[PDB]
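Novice: here are the coordinates; sequence isn't available:
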Ligand SMILES: [Ca+2]
């Protein structure tokens, strides 16, 4: 659950979490909402970067082009990280397929 992820992130003392998920999810703003209830901030990529996250999930992972998915998702995760994310949230299972903890400096958490 999004709310359980939020409490866990808060319990780890993190104030800023990076999010890799679908545009539908980011537009609903459900993560920012649930995380705000625990005082935690959600970091999302720019609108163009978000399009590449979408490509990474669908044109990449879901389509079978695992190389492309890894490339685009890893790059986005590394960008959120470099920007200050204390943890990266794998919002879609496709993210966890090509992105693993050994790829990041910060915790990779999935629902
Ligand atoms: Ca690895």
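Specialist: Arrived safely, thanks for sending. Residues are numbered from 1 along each chain as shown.
Novice: Show me which residues of the protein are close to the ion?
Specialist: Residues of the chain lying close to the ion (C-beta under 5 Å from the ion) are 100, 102. (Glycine included, C-beta is placed from N, CA and C.)
Novice: Show me where the chain has its strands.
Specialist: 16-20, 41-43, 88-90, 108-109 (DSSP state E).
Novice: Which one of these lies nearest to residue 100?
Specialist: With C-beta to C-beta as the measure, strand 108-109 is the member of the strands of the chain nearest residue 100 (7.1 Å).
Novice: Tell me the strands beside that closest one, with direction?
Specialist: Strand 108-109 has its sheet partners listed here by DSSP bridges as strand 88-90 (parallel).
Novice: Can you tell me what sits against the strand it pairs with?
Specialist: With contacts defined as C-beta atoms under 8 Å, 6 or more residues apart in numbering, strand 88-90 is touched by 5, 9, 17-21, 31, 77, 80-81, 96, 99, 104, 106-111.
Novice: Okay, helices next: where are they in the protein?
Specialist: Taking DSSP state H as the test, the helices found in the chain are 2-11, 23-28, 30-36, 47-54, 66-82, 93-98.
Novice: Other residues contacting the longest one?
Specialist: In this case it means helix 66-82. By C-beta under 8 Å, 6+ apart, the residues outside helix 66-82 that reach it are 18-20, 43, 45, 49, 52-53, 55-57, 59-61, 88, 94-95, 97-99, 103-106, 108.
Novice: beta partners of the residue most central in space within the chain?
Specialist: The centroid of the chain falls nearest to residue 20 when counting by C-alpha atoms, centre = their mean (2.3 Å). Judged by DSSP bridges, the bridge partners of residue 20 are residue 90.
Novice: Now do it against the ion, distance only.
Specialist: Residue 20 sits 16 Å away from the ion, going by C-beta to the ion, to the nearest Å.
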